[PDB]
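Visitor: Just one file: run.cif, with mmCIF, C-alpha atoms.
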```cif
data_target
#
loop_
_atom_site.label_atom_id
_atom_site.label_comp_id
_atom_site.auth_asym_id
_atom_site.auth_seq_id
_atom_site.Cartn_x
_atom_site.Cartn_y
_atom_site.Cartn_z
CA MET J 1 -2.70 -46.68 -8.41
CA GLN J 2 -3.68 -43.28 -7.04
CA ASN J 3 -1.32 -41.42 -9.39
CA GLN J 4 -2.62 -43.29 -12.44
CA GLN J 5 -6.23 -42.60 -11.41
CA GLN J 6 -5.43 -38.90 -10.95
CA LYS J 7 -3.77 -38.77 -14.38
CA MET J 8 -6.77 -40.52 -15.94
CA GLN J 9 -9.11 -38.01 -14.27
CA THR J 10 -7.01 -35.11 -15.57
CA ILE J 11 -7.11 -36.59 -19.09
CA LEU J 12 -10.90 -36.92 -18.80
CA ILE J 13 -11.13 -33.29 -17.68
CA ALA J 14 -9.06 -32.23 -20.69
CA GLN J 15 -11.32 -34.26 -22.99
CA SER J 16 -14.40 -32.67 -21.42
CA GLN J 17 -12.85 -29.24 -21.96
CA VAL J 18 -12.30 -30.18 -25.60
CA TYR J 19 -15.93 -31.30 -25.95
CA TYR J 20 -17.21 -28.09 -24.34
CA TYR J 21 -15.07 -26.03 -26.71
CA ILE J 22 -16.43 -28.12 -29.61
CA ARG J 23 -19.93 -27.16 -28.52
CA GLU J 24 -18.53 -23.61 -28.52
CA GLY J 25 -16.37 -23.85 -31.66
CA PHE J 26 -13.10 -22.05 -30.82
CA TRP J 27 -10.90 -23.63 -33.46
CA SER J 28 -7.65 -21.79 -32.80
CA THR J 29 -8.25 -22.69 -29.16
CA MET J 30 -8.79 -26.24 -30.43
CA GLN J 31 -5.31 -26.26 -31.91
CA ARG J 32 -3.49 -24.58 -29.01
CA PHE J 33 -5.14 -26.53 -26.17
CA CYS J 34 -4.89 -29.82 -28.07
CA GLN J 35 -1.21 -29.23 -28.84
CA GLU J 36 -0.36 -28.47 -25.21
CA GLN J 37 -2.37 -31.45 -23.94
CA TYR J 38 -0.71 -33.77 -26.46
CA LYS J 39 2.69 -32.47 -25.35
CA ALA J 40 1.72 -33.11 -21.72
CA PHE J 41 0.16 -36.57 -22.18
CA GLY J 42 0.78 -37.88 -25.71
CA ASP J 43 -2.84 -38.91 -26.31
CA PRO J 44 -3.69 -39.00 -30.06
CA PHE J 45 -7.16 -37.78 -29.00
CA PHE J 46 -5.81 -34.23 -28.73
CA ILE J 47 -4.01 -34.37 -32.09
CA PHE J 48 -7.20 -35.69 -33.67
CA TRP J 49 -9.31 -32.85 -32.30
CA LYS J 50 -6.62 -30.37 -33.39
CA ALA J 51 -7.00 -31.77 -36.90
CA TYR J 52 -10.78 -31.42 -36.58
CA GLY J 53 -10.40 -27.78 -35.56
CA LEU J 54 -8.09 -27.25 -38.54
CA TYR J 55 -10.76 -28.77 -40.79
CA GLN J 56 -13.43 -26.49 -39.32
CA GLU J 57 -11.25 -23.49 -40.27
CA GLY J 58 -11.12 -24.45 -43.96
CA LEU J 59 -7.77 -26.27 -44.01
CA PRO J 60 -8.47 -29.90 -44.99
CA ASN J 61 -4.89 -30.53 -46.14
CA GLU J 62 -3.39 -29.61 -42.75
CA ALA J 63 -6.02 -31.76 -41.03
CA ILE J 64 -5.10 -34.70 -43.27
CA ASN J 65 -1.40 -34.15 -42.54
CA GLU J 66 -2.11 -34.12 -38.79
CA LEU J 67 -4.27 -37.24 -39.04
CA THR J 68 -1.74 -39.26 -41.05
CA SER J 69 0.68 -39.07 -38.11
CA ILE J 70 -1.85 -40.93 -35.91
CA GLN J 71 -3.56 -43.24 -38.42
CA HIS J 72 -1.79 -46.40 -37.24
CA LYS J 73 -2.78 -45.78 -33.59
CA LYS J 74 -5.08 -48.70 -32.78
CA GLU J 75 -7.11 -46.78 -30.20
CA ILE J 76 -8.48 -44.20 -32.67
CA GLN J 77 -7.78 -45.89 -36.01
CA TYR J 78 -11.41 -46.24 -37.14
CA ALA J 79 -12.26 -42.63 -36.30
CA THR J 80 -9.05 -41.46 -37.98
CA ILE J 81 -10.01 -43.35 -41.15
CA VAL J 82 -13.53 -41.88 -41.10
CA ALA J 83 -12.29 -38.32 -40.64
CA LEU J 84 -9.63 -38.79 -43.32
CA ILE J 85 -12.39 -39.91 -45.70
CA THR J 86 -14.43 -36.81 -44.83
CA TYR J 87 -11.48 -34.42 -45.17
CA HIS J 88 -10.32 -35.93 -48.48
CA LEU J 89 -13.88 -35.58 -49.77
CA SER J 90 -13.80 -31.94 -48.57
CA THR J 91 -10.63 -31.06 -50.51
CA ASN J 92 -10.68 -29.12 -53.78
CA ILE J 93 -8.85 -31.97 -55.55
CA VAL J 94 -10.36 -35.22 -54.26
CA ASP J 95 -8.05 -38.25 -54.47
CA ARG J 96 -10.56 -40.94 -55.42
CA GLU J 97 -8.07 -43.81 -55.08
CA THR J 98 -7.15 -42.69 -51.56
CA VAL J 99 -10.84 -42.30 -50.68
CA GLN J 100 -11.62 -45.82 -51.93
CA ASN J 101 -8.67 -47.31 -50.04
CA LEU J 102 -9.74 -45.49 -46.87
CA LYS J 103 -13.32 -46.72 -47.31
CA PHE J 104 -12.06 -50.30 -47.61
CA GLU J 105 -9.90 -49.78 -44.51
CA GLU J 106 -12.94 -48.40 -42.67
CA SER J 107 -15.01 -51.44 -43.64
CA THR J 108 -12.22 -53.72 -42.40
CA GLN J 109 -11.56 -51.82 -39.15
CA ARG J 110 -15.22 -51.42 -38.16
CA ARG J 111 -15.28 -55.04 -36.96
CA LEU J 112 -11.87 -54.90 -35.22
CA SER J 113 -12.18 -51.51 -33.51
CA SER J 114 -12.59 -50.98 -29.78
CA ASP J 115 -15.70 -49.40 -28.28
CA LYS J 116 -13.76 -46.20 -27.53
CA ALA J 117 -12.93 -45.71 -31.21
CA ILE J 118 -16.54 -46.32 -32.25
CA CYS J 119 -17.83 -43.84 -29.67
CA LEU J 120 -15.24 -41.30 -30.83
CA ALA J 121 -16.23 -41.73 -34.49
CA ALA J 122 -19.88 -41.33 -33.48
CA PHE J 123 -18.87 -38.08 -31.77
CA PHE J 124 -17.29 -36.89 -35.01
CA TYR J 125 -20.37 -37.85 -37.03
CA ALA J 126 -22.69 -36.08 -34.58
CA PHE J 127 -20.63 -32.88 -34.44
CA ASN J 128 -20.57 -32.86 -38.26
CA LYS J 129 -24.41 -32.88 -38.10
CA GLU J 130 -24.44 -36.46 -39.43
CA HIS J 131 -26.66 -37.59 -36.58
CA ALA J 132 -27.98 -40.72 -38.32
CA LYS J 133 -24.51 -42.25 -38.72
CA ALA J 134 -23.61 -41.35 -35.13
CA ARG J 135 -26.77 -43.02 -33.83
CA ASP J 136 -26.07 -46.09 -35.97
CA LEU J 137 -22.53 -46.33 -34.59
CA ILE J 138 -23.70 -45.92 -30.99
CA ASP J 139 -26.54 -48.44 -31.25
CA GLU J 140 -24.11 -51.14 -32.42
CA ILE J 141 -22.28 -51.00 -29.06
CA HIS J 142 -23.88 -53.31 -26.48
CA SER J 143 -21.40 -52.56 -23.67
CA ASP J 144 -22.81 -51.02 -20.49
CA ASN J 145 -19.71 -48.87 -19.93
CA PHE J 146 -20.26 -45.51 -18.24
CA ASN J 147 -18.39 -43.59 -20.95
CA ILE J 148 -20.30 -45.42 -23.69
CA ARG J 149 -23.59 -44.45 -22.04
CA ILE J 150 -22.34 -40.85 -21.87
CA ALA J 151 -21.57 -41.12 -25.59
CA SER J 152 -25.06 -42.44 -26.32
CA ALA J 153 -26.69 -39.65 -24.31
CA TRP J 154 -24.59 -36.97 -26.01
CA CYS J 155 -25.28 -38.31 -29.51
CA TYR J 156 -29.01 -38.52 -28.77
CA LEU J 157 -28.95 -34.96 -27.39
CA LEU J 158 -27.14 -33.69 -30.48
CA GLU J 159 -29.64 -35.40 -32.79
CA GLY J 160 -32.48 -33.94 -30.72
CA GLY J 161 -36.10 -34.19 -31.76
CA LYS J 162 -37.99 -37.34 -30.77
CA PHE J 163 -34.82 -38.78 -29.18
CA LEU J 164 -34.32 -35.77 -26.88
CA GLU J 165 -36.40 -37.16 -24.01
CA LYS J 166 -34.48 -40.44 -24.04
CA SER J 167 -31.18 -38.55 -23.86
CA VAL J 168 -32.44 -36.68 -20.80
CA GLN J 169 -33.39 -40.01 -19.23
CA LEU J 170 -29.87 -41.31 -19.81
CA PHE J 171 -28.40 -38.10 -18.40
CA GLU J 172 -30.56 -38.67 -15.33
CA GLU J 173 -29.53 -42.31 -14.94
CA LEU J 174 -25.82 -41.50 -15.18
CA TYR J 175 -26.58 -38.77 -12.65
CA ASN J 176 -28.00 -41.24 -10.12
CA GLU J 177 -25.34 -43.94 -10.50
CA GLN J 178 -22.45 -41.68 -9.45
CA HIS J 179 -21.17 -41.00 -5.93
CA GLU J 180 -22.14 -37.86 -4.01
CA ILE J 181 -19.24 -35.72 -5.19
CA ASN J 182 -18.35 -37.71 -8.30
CA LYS J 183 -20.61 -36.04 -10.86
CA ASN J 184 -19.42 -36.21 -14.46
CA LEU J 185 -18.86 -32.88 -16.20
CA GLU J 186 -20.27 -33.87 -19.59
CA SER J 187 -23.45 -35.36 -18.11
CA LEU J 188 -24.10 -32.10 -16.27
CA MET J 189 -23.47 -30.14 -19.48
CA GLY J 190 -25.97 -32.31 -21.33
CA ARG J 191 -28.56 -31.94 -18.58
CA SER J 192 -28.14 -28.15 -18.46
CA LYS J 193 -28.35 -27.78 -22.24
CA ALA J 194 -31.41 -30.04 -22.48
CA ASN J 195 -33.15 -28.09 -19.71
CA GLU J 196 -32.31 -24.85 -21.54
CA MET J 197 -33.85 -26.15 -24.77
CA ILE J 198 -37.10 -27.10 -22.99
CA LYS J 199 -37.03 -23.65 -21.33
CA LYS J 200 -36.59 -25.07 -17.81
CA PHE J 201 -34.15 -22.32 -16.90
CA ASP J 202 -34.23 -22.92 -13.14
CA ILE J 203 -32.93 -26.48 -13.48
CA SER J 204 -30.24 -25.37 -15.94
CA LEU J 205 -29.13 -22.58 -13.60
CA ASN J 206 -28.97 -24.98 -10.64
CA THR J 207 -26.97 -27.47 -12.71
CA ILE J 208 -24.53 -24.76 -13.81
CA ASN J 209 -24.13 -23.59 -10.20
CA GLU J 210 -23.37 -27.19 -9.22
CA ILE J 211 -20.87 -27.39 -12.09
CA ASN J 212 -19.13 -24.21 -10.93
CA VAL J 213 -18.99 -25.46 -7.32
CA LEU J 214 -17.74 -28.94 -8.24
CA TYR J 215 -15.31 -27.81 -10.97
CA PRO J 216 -13.81 -24.40 -10.10
CA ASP J 217 -10.78 -24.97 -12.32
CA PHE J 218 -13.03 -25.69 -15.32
CA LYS J 219 -13.76 -22.24 -16.78
CA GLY J 220 -16.44 -23.36 -19.24
CA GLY J 221 -19.10 -23.33 -16.53
CA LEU J 222 -18.86 -19.58 -15.96
CA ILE J 223 -18.97 -18.87 -19.71
CA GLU J 224 -22.05 -21.03 -20.24
CA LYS J 225 -23.61 -19.42 -17.16
CA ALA J 226 -23.13 -16.03 -18.81
CA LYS J 227 -24.68 -17.44 -21.98
CA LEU J 228 -27.66 -18.83 -20.06
CA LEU J 229 -28.16 -15.46 -18.38
CA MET J 230 -28.15 -13.95 -21.87
CA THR J 231 -30.87 -16.46 -22.78
CA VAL J 232 -33.08 -15.47 -19.83
CA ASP J 233 -32.30 -11.77 -20.42
CA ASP J 234 -30.48 -11.58 -17.06
CA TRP J 235 -27.94 -8.99 -18.14
CA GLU J 236 -26.75 -7.68 -14.75
CA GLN J 237 -25.50 -11.09 -13.62
CA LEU J 238 -24.05 -11.60 -17.11
CA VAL J 239 -21.98 -8.42 -16.75
CA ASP J 240 -20.87 -9.44 -13.25
CA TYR J 241 -19.73 -12.92 -14.28
CA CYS J 242 -18.11 -11.71 -17.52
CA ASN J 243 -16.16 -9.19 -15.44
CA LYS J 244 -15.17 -12.04 -13.12
CA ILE J 245 -14.00 -14.14 -16.09
CA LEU J 246 -11.99 -11.22 -17.47
CA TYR J 247 -10.51 -10.75 -13.99
CA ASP J 248 -9.42 -14.40 -14.19
CA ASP J 249 -8.26 -14.18 -17.83
CA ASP J 250 -8.31 -11.32 -20.34
CA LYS J 251 -8.13 -11.32 -24.17
CA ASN J 252 -11.30 -13.33 -24.74
CA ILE J 253 -13.25 -12.89 -27.97
CA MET J 254 -16.67 -13.76 -26.53
CA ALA J 255 -16.27 -11.37 -23.58
CA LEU J 256 -15.31 -8.55 -25.95
CA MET J 257 -18.37 -9.24 -28.11
CA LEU J 258 -20.60 -9.25 -25.04
CA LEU J 259 -19.19 -5.97 -23.71
CA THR J 260 -19.39 -4.27 -27.11
CA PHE J 261 -22.98 -5.45 -27.60
CA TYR J 262 -23.83 -4.17 -24.12
CA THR J 263 -22.35 -0.76 -24.91
CA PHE J 264 -24.12 -0.49 -28.27
CA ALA J 265 -27.53 -1.87 -27.33
CA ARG J 266 -28.10 -0.33 -23.88
CA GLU J 267 -25.61 2.44 -23.09
CA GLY J 268 -25.66 3.84 -26.62
CA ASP J 269 -22.08 5.11 -26.24
CA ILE J 270 -20.80 5.25 -29.82
CA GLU J 271 -17.19 6.10 -28.92
CA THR J 272 -16.70 3.41 -26.27
CA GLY J 273 -18.58 0.89 -28.39
CA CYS J 274 -16.33 1.66 -31.36
CA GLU J 275 -13.24 1.24 -29.16
CA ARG J 276 -14.52 -2.12 -27.90
CA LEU J 277 -15.32 -3.20 -31.46
CA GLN J 278 -11.79 -2.22 -32.48
CA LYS J 279 -10.22 -4.25 -29.67
CA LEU J 280 -12.48 -7.19 -30.58
CA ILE J 281 -11.22 -6.87 -34.16
CA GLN J 282 -7.60 -7.04 -32.99
CA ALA J 283 -8.45 -10.05 -30.82
CA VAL J 284 -10.07 -11.84 -33.77
CA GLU J 285 -7.23 -11.05 -36.16
CA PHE J 286 -4.74 -12.24 -33.53
CA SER J 287 -6.50 -15.54 -32.79
CA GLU J 288 -9.16 -16.18 -35.46
CA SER J 289 -7.60 -14.58 -38.55
CA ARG J 290 -8.94 -17.28 -40.90
CA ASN J 291 -12.36 -17.72 -39.22
CA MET J 292 -14.74 -16.49 -41.90
CA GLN J 293 -17.94 -17.47 -40.07
CA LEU J 294 -16.96 -15.76 -36.82
CA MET J 295 -16.09 -12.47 -38.52
CA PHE J 296 -19.25 -12.63 -40.64
CA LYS J 297 -21.35 -13.15 -37.50
CA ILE J 298 -19.60 -10.25 -35.75
CA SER J 299 -20.23 -7.94 -38.71
CA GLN J 300 -23.89 -8.97 -38.93
CA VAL J 301 -24.44 -8.46 -35.19
CA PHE J 302 -22.81 -5.04 -35.08
CA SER J 303 -24.44 -3.89 -38.33
CA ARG J 304 -28.01 -4.88 -37.42
CA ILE J 305 -27.79 -2.89 -34.17
CA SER J 306 -25.56 -0.01 -35.33
CA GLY J 307 -28.53 2.20 -36.18
CA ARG J 308 -26.83 2.99 -39.51
CA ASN J 309 -23.92 4.66 -37.71
CA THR J 310 -21.15 5.14 -40.26
CA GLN J 311 -18.33 4.44 -37.79
CA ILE J 312 -19.62 1.00 -36.78
CA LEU J 313 -20.60 0.22 -40.37
CA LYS J 314 -17.02 0.97 -41.47
CA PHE J 315 -15.67 -1.78 -39.20
CA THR J 316 -18.42 -4.17 -40.28
CA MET J 317 -17.77 -3.56 -43.99
CA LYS J 318 -14.02 -3.96 -43.46
CA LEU J 319 -14.75 -7.33 -41.85
CA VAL J 320 -17.00 -8.30 -44.77
CA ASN J 321 -14.35 -7.24 -47.31
CA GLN J 322 -11.82 -9.42 -45.49
CA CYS J 323 -14.24 -12.37 -45.63
CA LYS J 324 -14.86 -11.68 -49.33
CA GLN J 325 -11.11 -11.51 -49.99
CA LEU J 326 -10.45 -14.93 -48.50
CA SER J 327 -13.70 -16.34 -49.99
CA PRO J 328 -14.49 -14.66 -53.33
CA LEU J 329 -17.02 -17.33 -54.41
CA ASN J 330 -19.47 -16.85 -51.50
CA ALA J 331 -22.45 -14.72 -52.53
CA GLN J 332 -23.58 -14.30 -48.91
CA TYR J 333 -20.62 -11.99 -48.24
CA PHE J 334 -21.56 -9.83 -51.24
CA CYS J 335 -25.19 -9.68 -50.11
CA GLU J 336 -24.06 -8.58 -46.64
CA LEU J 337 -21.53 -6.04 -47.94
CA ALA J 338 -23.99 -4.37 -50.28
CA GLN J 339 -26.65 -4.40 -47.56
CA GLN J 340 -24.18 -2.51 -45.37
CA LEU J 341 -23.60 -0.13 -48.28
CA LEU J 342 -27.39 0.21 -48.26
CA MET J 343 -27.45 1.33 -44.61
CA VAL J 344 -25.01 4.05 -45.72
CA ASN J 345 -27.35 4.87 -48.65
CA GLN J 346 -24.83 3.89 -51.34
CA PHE J 347 -27.48 2.35 -53.57
CA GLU J 348 -25.44 2.09 -56.78
CA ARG J 349 -22.52 0.17 -55.26
CA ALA J 350 -25.04 -1.99 -53.39
CA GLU J 351 -26.73 -2.83 -56.70
CA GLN J 352 -23.35 -3.59 -58.28
CA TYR J 353 -22.32 -6.03 -55.54
CA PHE J 354 -25.82 -7.56 -55.60
CA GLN J 355 -25.54 -8.14 -59.36
CA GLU J 356 -22.12 -9.72 -58.80
CA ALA J 357 -23.53 -12.04 -56.13
CA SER J 358 -26.51 -12.93 -58.33
CA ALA J 359 -23.94 -13.87 -60.97
CA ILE J 360 -22.26 -16.07 -58.34
CA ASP J 361 -25.59 -17.48 -57.09
CA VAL J 362 -28.65 -17.03 -59.30
CA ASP J 363 -31.02 -18.68 -56.79
CA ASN J 364 -29.93 -16.47 -53.86
CA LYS J 365 -33.16 -14.76 -52.83
CA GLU J 366 -31.41 -12.25 -50.56
CA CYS J 367 -29.56 -10.25 -53.22
CA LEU J 368 -32.55 -10.53 -55.57
CA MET J 369 -34.85 -8.97 -52.97
CA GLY J 370 -32.18 -6.38 -52.23
CA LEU J 371 -31.82 -5.61 -55.94
CA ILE J 372 -35.53 -4.84 -55.94
CA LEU J 373 -34.99 -2.72 -52.82
CA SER J 374 -32.09 -0.74 -54.31
CA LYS J 375 -34.08 -0.13 -57.49
CA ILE J 376 -36.87 1.14 -55.23
CA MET J 377 -34.69 3.71 -53.46
CA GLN J 378 -32.98 4.71 -56.72
CA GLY J 379 -36.43 5.64 -58.06
CA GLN J 380 -36.98 2.88 -60.64
CA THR J 381 -40.29 1.83 -59.13
CA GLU J 382 -41.54 0.30 -62.40
#
```
Please go through the file and, once you have read it, give me the structure as structure tokens.

Guide:
Amino acid sequence: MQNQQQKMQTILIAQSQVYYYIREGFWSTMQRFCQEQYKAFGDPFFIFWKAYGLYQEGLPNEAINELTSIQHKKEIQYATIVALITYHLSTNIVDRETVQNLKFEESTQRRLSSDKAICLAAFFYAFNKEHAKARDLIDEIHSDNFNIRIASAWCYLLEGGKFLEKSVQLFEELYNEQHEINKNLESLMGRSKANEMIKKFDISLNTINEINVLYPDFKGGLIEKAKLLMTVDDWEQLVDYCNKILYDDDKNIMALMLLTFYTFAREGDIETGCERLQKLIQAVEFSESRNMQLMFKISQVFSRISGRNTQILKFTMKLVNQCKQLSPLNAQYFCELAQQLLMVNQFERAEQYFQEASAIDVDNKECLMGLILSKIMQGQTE
């Protein structure tokens, strides 16, 4: 019995790691960690979240292929059907017959599914920002199971707003019902995040310290501690704990971003900052080669603080050109690229890219305003 309980606890820890990463969105890490955990245990949960991470990277077909291997698994069948519906709707060529058949299967399986599958599907709805459907799925479950209450609290936290308080209450109740050292990881994460949102930073810091003490193997606690110190502008402790994390494991994208931002924003060292940006670029291309959003965010961050330094802007524009190459129909990339050409005072090319983006998206205010701006600097004030 002890061995089975230990294995169940390890599986729960792996699932909590997956959920933390989902709140962090490391999709290649999704795939790698989920693949290794599925090889170790064989739980279709990991394959499902690997498919979800594939979907988040813009590969609905691979996600569908991964999901079809675990559709007939009774434990996650309803959630698999729901996510297959979503992914098929997200494809360029939508198979309407398959979507209708999957919708009928969902309607049939909703009544025959276990509470675990319903909670899992509610997780998928909530993470896809479909909070109403997640809340509807949770509220249909009348079981007083500890994991189901954790699911309810997490869904209510993700929805936020008027439900937020209730979620906190649940996260408190689950806190009080556990043994002294038996505190659930996900409940502590929810409590810390909720306290951060209501700007009760002391409680969040204490909760994260408790998380780090109780779960030393779990590395998410240190990373979210560094993030919380970023929130409260505690940069010295952030550097110390990021250095500790890198001492435990190197080649981390977030740590490289933090170090490069530190060098650019406070030290002002252009050469070292450029080297750190370069190494971050290699890390991204090695692990997040198809992550358009991540590269776009990196370029925006390092262009807004570059002070119009041509060296940094070269890396940022290279990143934006890569994003444009893999996504030619997104006008946001053109707006960003021509804005970066603006910080290098290349007004004509900026106007050209802005016209192209306005052709892609007529209602995009950003390139319209920037077209006005470029006409201003080019001298056509009228």

Visitor: Could you put an axis-aligned box around every listed atom of region 142-146 of chain J, padded by 6 Å on each side, and send me its centre and edge lengths in Å to one decimal, as AutoDock Vina command-line options?

Guide:
```
--center_x -21.8 --center_y -49.4 --center_z -22.4 --size_x 16.2 --size_y 19.8 --size_z 20.2
```

Visitor: Name all residues at most 10 Å from residue 127 (chain J) (count all atoms listed in the file; drop same-chain ones fewer than 4 positions away) and give them as a VMD selection string.

Guide: chain J and resid 19 22 to 23 121 to 123 131 134 155 158 to 159

Visitor: Compile the contact shell of residue 279 (chain J) as a compact mmCIF listing (two decimals) with C-alpha atoms, keeping the file's coordinate frame: residues with an atom at most 12 Å away, counting only C-alpha atoms, same-chain residues fewer than 3 positions apart removed.

Guide:
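As a result, result_8.txt now contains:
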```txt
# COMPACT_ATOMS: atom_id res chain seq x y z
CA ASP J 250 -8.31 -11.32 -20.34
CA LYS J 251 -8.13 -11.32 -24.17
CA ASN J 252 -11.30 -13.33 -24.74
CA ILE J 253 -13.25 -12.89 -27.97
CA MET J 254 -16.67 -13.76 -26.53
CA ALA J 255 -16.27 -11.37 -23.58
CA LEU J 256 -15.31 -8.55 -25.95
CA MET J 257 -18.37 -9.24 -28.11
CA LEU J 259 -19.19 -5.97 -23.71
CA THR J 260 -19.39 -4.27 -27.11
CA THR J 272 -16.70 3.41 -26.27
CA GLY J 273 -18.58 0.89 -28.39
CA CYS J 274 -16.33 1.66 -31.36
CA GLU J 275 -13.24 1.24 -29.16
CA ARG J 276 -14.52 -2.12 -27.90
CA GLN J 282 -7.60 -7.04 -32.99
CA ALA J 283 -8.45 -10.05 -30.82
CA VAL J 284 -10.07 -11.84 -33.77
CA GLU J 285 -7.23 -11.05 -36.16
CA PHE J 286 -4.74 -12.24 -33.53
CA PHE J 315 -15.67 -1.78 -39.20
```

Visitor: Can you spell out as number ranges by chain the set of residues that the PyMOL selection byres ((chain J and resi 105-118) around 10) selects in the structure I just provided?

Guide: J: 74-82, 85, 99-104, 119-124, 134, 137-138, 140-143, 145, 147-148, 151

Visitor: Using C-alpha atoms, can you write the selected residues to a file as a PDB file, keeping the file's coordinate frame?

Guide:
```pdb
ATOM      1  CA  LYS J  74      -5.080 -48.700 -32.780  1.00  0.00           C
ATOM      2  CA  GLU J  75      -7.110 -46.780 -30.200  1.00  0.00           C
ATOM      3  CA  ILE J  76      -8.480 -44.200 -32.670  1.00  0.00           C
ATOM      4  CA  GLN J  77      -7.780 -45.890 -36.010  1.00  0.00           C
ATOM      5  CA  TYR J  78     -11.410 -46.240 -37.140  1.00  0.00           C
ATOM      6  CA  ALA J  79     -12.260 -42.630 -36.300  1.00  0.00           C
ATOM      7  CA  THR J  80      -9.050 -41.460 -37.980  1.00  0.00           C
ATOM      8  CA  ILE J  81     -10.010 -43.350 -41.150  1.00  0.00           C
ATOM      9  CA  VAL J  82     -13.530 -41.880 -41.100  1.00  0.00           C
ATOM     10  CA  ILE J  85     -12.390 -39.910 -45.700  1.00  0.00           C
ATOM     11  CA  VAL J  99     -10.840 -42.300 -50.680  1.00  0.00           C
ATOM     12  CA  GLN J 100     -11.620 -45.820 -51.930  1.00  0.00           C
ATOM     13  CA  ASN J 101      -8.670 -47.310 -50.040  1.00  0.00           C
ATOM     14  CA  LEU J 102      -9.740 -45.490 -46.870  1.00  0.00           C
ATOM     15  CA  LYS J 103     -13.320 -46.720 -47.310  1.00  0.00           C
ATOM     16  CA  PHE J 104     -12.060 -50.300 -47.610  1.00  0.00           C
ATOM     17  CA  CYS J 119     -17.830 -43.840 -29.670  1.00  0.00           C
ATOM     18  CA  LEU J 120     -15.240 -41.300 -30.830  1.00  0.00           C
ATOM     19  CA  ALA J 121     -16.230 -41.730 -34.490  1.00  0.00           C
ATOM     20  CA  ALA J 122     -19.880 -41.330 -33.480  1.00  0.00           C
ATOM     21  CA  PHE J 123     -18.870 -38.080 -31.770  1.00  0.00           C
ATOM     22  CA  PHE J 124     -17.290 -36.890 -35.010  1.00  0.00           C
ATOM     23  CA  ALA J 134     -23.610 -41.350 -35.130  1.00  0.00           C
ATOM     24  CA  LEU J 137     -22.530 -46.330 -34.590  1.00  0.00           C
ATOM     25  CA  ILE J 138     -23.700 -45.920 -30.990  1.00  0.00           C
ATOM     26  CA  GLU J 140     -24.110 -51.140 -32.420  1.00  0.00           C
ATOM     27  CA  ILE J 141     -22.280 -51.000 -29.060  1.00  0.00           C
ATOM     28  CA  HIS J 142     -23.880 -53.310 -26.480  1.00  0.00           C
ATOM     29  CA  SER J 143     -21.400 -52.560 -23.670  1.00  0.00           C
ATOM     30  CA  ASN J 145     -19.710 -48.870 -19.930  1.00  0.00           C
ATOM     31  CA  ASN J 147     -18.390 -43.590 -20.950  1.00  0.00           C
ATOM     32  CA  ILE J 148     -20.300 -45.420 -23.690  1.00  0.00           C
ATOM     33  CA  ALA J 151     -21.570 -41.120 -25.590  1.00  0.00           C
TER      34      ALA J 151
END
```

Visitor: Using all atoms listed in the file, find the one residue out of J:247, J:334, J:41, J:378 that sits nearest to residue 358 (chain J).

Guide: J:334

Visitor: Near residue 57 (chain J), within 7 Å and counting only C-alpha atoms, which residues show up once chain neighbours fewer than 4 positions away are dropped, as a PyMOL selection string?

Guide: chain J and resi 27+53+290-291

Visitor: List as a list in words the protein and nucleic acid residues near residue 68 (chain J), meaning an atom at most 10 Å away when only C-alpha atoms are counted, but skip any in the same chain fewer than 3 places from it.

Guide: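 Counting only the stated atoms, we get residues 48, 62, 63, 64, 65, 71, 72, 73, 80, 81 and 84 of chain J.
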
Visitor: May I ask which of the residues J:289, J:163, J:213, J:16 is the closest one to residue 58 (chain J), counting all atoms listed in the file?

Guide: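 Of J:289, J:163, J:213, J:16, the one nearest residue 58 (chain J), counting all atoms listed in the file, is J:289.
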
Visitor: Any chance you could tabulate, as a tab-separated table, the residues of region 201-313 of chain J at most 9 Å from region 179-191 of chain J with each one's nearest atom pair and distance in Å to one decimal, using only C-alpha atoms, in chain and rising number order?

Guide:
```
residue	atom	partner	partner_atom	distance
J:203	CA	J:191	CA	8.7
J:204	CA	J:191	CA	7.3
J:207	CA	J:188	CA	6.5
J:208	CA	J:188	CA	7.8
J:210	CA	J:188	CA	8.6
J:211	CA	J:188	CA	7.1
J:214	CA	J:181	CA	7.6
J:215	CA	J:185	CA	8.1
J:221	CA	J:189	CA	8.6
```

Visitor: For a test of reading the model, state the distance in Å between CA of residue 347 (chain J) and CA of residue 295 (chain J), rounded to one decimal.

Guide: 24.0 Å

Visitor: For each of J:150, J:359, J:242, J:281, take the minimum atom-to-atom distance to residue 167 (chain J), counting only C-alpha atoms, then give the residue where this is smallest.

Guide: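 Using only C-alpha atoms, residue 167 (chain J) sits closest to J:150.
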
Visitor: Can you tell me, as a PyMOL selection string, which residues sit within 9 Å of (-9.6, -31.0, -31.8) in the file's frame, using all atoms listed in the file?

Guide: chain J and resi 18-19+21-22+27+29-31+33-34+45-54

Visitor: Distance CA of residue 332 (chain J)-CA of residue 357 (chain J), one decimal place?

Guide: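 Calculated distance between CA of residue 332 (chain J) and CA of residue 357 (chain J) is 7.6 Å.
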
Visitor: Quick one: distance from CA of residue 13 (chain J) to CA of residue 218 (chain J) in Å, one decimal?

Guide: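 Atom-to-atom, CA of residue 13 (chain J) and CA of residue 218 (chain J) are spaced 8.2 Å apart.
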
Visitor: Need to verify the contact set: residue 361 (chain J), 10 Å, only C-alpha atoms, exclusion of same-chain residues closer than 5 positions in sequence. Can you return it as an mmCIF file with C-alpha atoms, in the frame of the given file?

Guide:
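Result went into result23.cif, see below:
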```cif
data_model
loop_
_atom_site.group_PDB
_atom_site.id
_atom_site.type_symbol
_atom_site.label_atom_id
_atom_site.label_comp_id
_atom_site.auth_asym_id
_atom_site.auth_seq_id
_atom_site.Cartn_x
_atom_site.Cartn_y
_atom_site.Cartn_z
ATOM 1 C CA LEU J 329 -17.020 -17.330 -54.410
ATOM 2 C CA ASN J 330 -19.470 -16.850 -51.500
ATOM 3 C CA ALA J 331 -22.450 -14.720 -52.530
ATOM 4 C CA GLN J 332 -23.580 -14.300 -48.910
ATOM 5 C CA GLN J 355 -25.540 -8.140 -59.360
ATOM 6 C CA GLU J 356 -22.120 -9.720 -58.800
ATOM 7 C CA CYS J 367 -29.560 -10.250 -53.220
ATOM 8 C CA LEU J 368 -32.550 -10.530 -55.570
#
```
